[PDB]
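Read through the structure below, which is laid out as structure tokens, and then see the notes.
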Amino acid sequence: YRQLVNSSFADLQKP
Amino acid sequence: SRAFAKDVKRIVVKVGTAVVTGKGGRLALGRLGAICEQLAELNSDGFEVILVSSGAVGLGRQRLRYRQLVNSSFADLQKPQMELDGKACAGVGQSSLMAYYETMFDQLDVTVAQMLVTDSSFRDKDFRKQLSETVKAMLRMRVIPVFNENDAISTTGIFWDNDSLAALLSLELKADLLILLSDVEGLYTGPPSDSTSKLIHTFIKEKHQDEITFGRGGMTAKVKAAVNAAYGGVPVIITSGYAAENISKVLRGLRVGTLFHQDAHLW
Amino acid sequence: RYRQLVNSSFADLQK
Amino acid sequence: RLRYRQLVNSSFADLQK
Ligand SMILES: Nc1ncnc2c1ncn2[C@@H]1O[C@H](COP(=O)(O)OP(=O)(O)O)[C@@H](O)[C@H]1O
Ligand SMILES: N[C@H](CCC(=O)OP(=O)(O)O)C(=O)O
């Protein structure tokens, strides 16, 4: 979750 | 009164900011497509078309903002977000708009070329002739130029905005008409919001000039550019940019828009 | 608002 | 393309799950 909150939408696109 | 249509060959048309961008800053697809189609059919007929477009800044905001949101931490997407630099926007929006124009005109069998001139380089002497030579050659080649003020690199008391660019350009090119395509359907005796005004067919000084309300631009600059463009040749016409057929009926001799003619005292 | 943030979609963050 | 569209239209929490 911390990852999901300090990450950039683009990052979500990359595994 | 509008009788020059039997002579007009070289035409300069300007599309403002509220004619190219609709909702959200994206392109107004139908409006731009219709205007491009009419310009293409005008070019095919034999007229020489000069285009001075605008609206790159909005496209700018759009794509740049998107990129912002794309590369921004989810939580960080709530904290204050910087405002996109005006110059930075221009550098993206001009490219986007020029590419869209190129694709439409390649679909419409017309070839266009990019021509960016900064307004502070117009005091030079060699440019005064080089611009006239290059535009003459490209018009003889049946190629529609798309002039625009270069905002990516540049440097108020004086407003030398897009209207001034179009006016002084048509002063240089020795054109015939400088059509000002805008959201409104012409001049008005005050704001168009209320119902105590009237559409003005012809612009005579000592009947409407210092008797009407004039308000990065606005009609307080539109009128000041149009008067200077008018005196020195080149009658100008202001017409609504929404209507797709407006150019045709303007050039067919019909009575559409407002005239700023140097010999308007006769009419 | 963070609660709302979590609910919204990147699409919505825009507009 | 479809994955991009799915990610563009999803809830943060959904992105988590
Ligand atoms: N007679 C008038 N007096 C004052 N304001 C006017 C008058 N007629 C129109 N306006 C307003 O001024 C604005 C001028 O827009 P315009 O300068 O043509 O395009 P842009 O500002 O988007 O480049 C219009 O949106 C219109 O609402
Ligand atoms: N590049 C844009 C062109 C748009 C524009 O100039 O319209 P105007 O300020 O004359 O109403 C700008 O300089 O603001």
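Read the figures in this text as sums done on the coordinates, not as results from a lab. In this analysis, Cβ positions are derived from the backbone assuming ideal geometry, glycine residues included, and neighbour counts consider all displayed protein chains.
A compact table of results
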quantity	calculated
Ellipsoid equivalent to the stretch B:163-267 - semi-axes via the Cα gyration tensor, in Å	20, 16, 14
Shape box of chain B [Cα atoms, principal axes, largest first, Å]	67, 48, 37
Chain A versus the stretch B:56-105: alpha-carbon centroid distance in Å	22 Å
Residue B:195 versus residue B:129: modelled label distance in nm, points set 7 Å from Cα along the beta carbon direction	6.0 nm
Shielding by partners - mean other protein chain Cβ count within 10 Å, residues of B:63-72	3
Projected label distance in nm at residue B:252 and residue B:7, using a 7 Å step from Cα toward the beta-carbon	2.3 nm
Set B:9/B:136; A:14/D:17; B:9/B:249; B:87/B:224; B:14/B:249; B:136/B:224 screened for pairs whose C-alpha atoms are more than 20 Å apart	B:87/B:224; B:136/B:224
Cβ-Cβ FRET estimate between residue C:14 and residue B:206, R0 fixed at 45 Å, reported to 0.05	0.30
Computed over the stretch B:17-56, Cα set: Rg, Dmax in Å	11.6, 37
Relative packing of B:233-239, B:190-196, B:68-74, which averages over residues the other C-beta atoms within 10 Å, highest first	B:233-239, B:68-74, B:190-196
Long-range Cα-Cα pairs in the stretch B:213-267 (distance over 13 Å), rounded percent	66 percent
Other-chain or far-sequence residues with amide H under 5 Å of residue B:189's (modelled H)	B:198
FRET E, pair residue B:262, residue B:64, Förster distance 45 Å, beta-carbon r, rounded to 0.05	0.55
